[PDB]
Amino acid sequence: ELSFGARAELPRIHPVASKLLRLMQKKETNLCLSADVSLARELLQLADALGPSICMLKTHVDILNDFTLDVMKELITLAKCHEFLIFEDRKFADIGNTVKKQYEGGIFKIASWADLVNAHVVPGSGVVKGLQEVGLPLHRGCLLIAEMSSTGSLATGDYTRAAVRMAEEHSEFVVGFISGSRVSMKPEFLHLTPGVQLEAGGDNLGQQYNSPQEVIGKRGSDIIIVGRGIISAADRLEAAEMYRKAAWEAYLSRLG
């Protein structure tokens, strides 16, 4: 079991994964902020204040009421300044020919600003092939959704195994997983886990929470993704620091 810094140097590492792992090690953070807000100003103020505490900022561009490409330029300035990646949680899930256009084009031009995107595996490997046609030339990476945090998830058993095989067969572009646990035994792949809070509970629409210690320490994931546990708190900086310290110590204690 290797440190993030050592995993950044693995022979088969993807450049996006390497950049991420190096800044995780440098900044002692394995926290991804889920910036689930509707105002550009709030997104940018969170990115600036929490930038030092996070390895990654996850977006849902399609809920920003005042999206423009200039907002994403300003977010990139902050990502470069504070050293974090931008992950658009778009969950591409269509045929290859369609997702290529949804990734490159339209109003959002996701591929122009997102270091990482993700995809569901249910359509078969054409979803990855279509994305990679845009993402490989743009030096991007992708995460496959192997497990989900929500009640009634069908991403279990053979489905999870299919996601791992699809990732391991598209390693030029796929850099890891959305999962609740370590699902790949190959250390070149990242594991990012949403459904994380310090306290037990859930929401009223099927979200289920587990703690950083559970998902990083016991379940062997790499990165926690935290939305409301930070966003709904009064002091979002202190909340981010609490989640960062929790995830980082769970990782260290796992390492030995």
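We call the rigid core whatever largest set of C-alpha positions still superposes within 1.5 Å between the two forms. We number the residues from 1 along the sequence you see.
Trainee: Using RMS Cα distance over all structures and residues, flag whichever of 89-97 and 169-177 lies farther from this form in 5 other deposited structures of this protein after a core fit.
Mentor: This comes out as 89-97, the stretch further from the shown form in 5 other deposited structures of this protein.
Trainee: So 104-112 or 163-171, which one's hotter by mean CA B-factor in the entry?
Mentor: The recorded data point to 163-171.
Trainee: Of the two stretches 178-186 and 137-145, which shows the higher Cα B-factor on average in the entry?
Mentor: 178-186 has the higher mean C-alpha B-factor.
Trainee: With respect to the C-alpha temperature factors reported in the PDB entry, which of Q197, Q208, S34, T193 ranks highest?
Mentor: By C-alpha B-factor in the record, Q208 ranks first.
Trainee: Divide the modelled residues of the chain into thirds by Cα B-factor and specify which third, lowest, middle or highest, holds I63.
Mentor: It falls in the bottom third of the chain.
Trainee: By the record's CA B-factor, is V99 among the lowest, middle or highest third of residues in the chain?
Mentor: As the PDB entry reports it, the C-alpha B-factor of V99 lands in the lowest third of its chain.
Trainee: Could you place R90 in the lowest, middle or highest third of its chain by Cα temperature factor, using the values in the record?
Mentor: It falls in the bottom third of the chain.
Trainee: Tell me, lowest, middle or highest third: where does the Cα B factor of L154 rank within its chain?
Mentor: Highest third of the chain for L154's C-alpha B-factor.
Trainee: Taking the entry's C-alpha B-factors for this chain, is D48 in the lowest, middle or highest third?
Mentor: For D48, the deposited C-alpha B-factor lands in the middle third.
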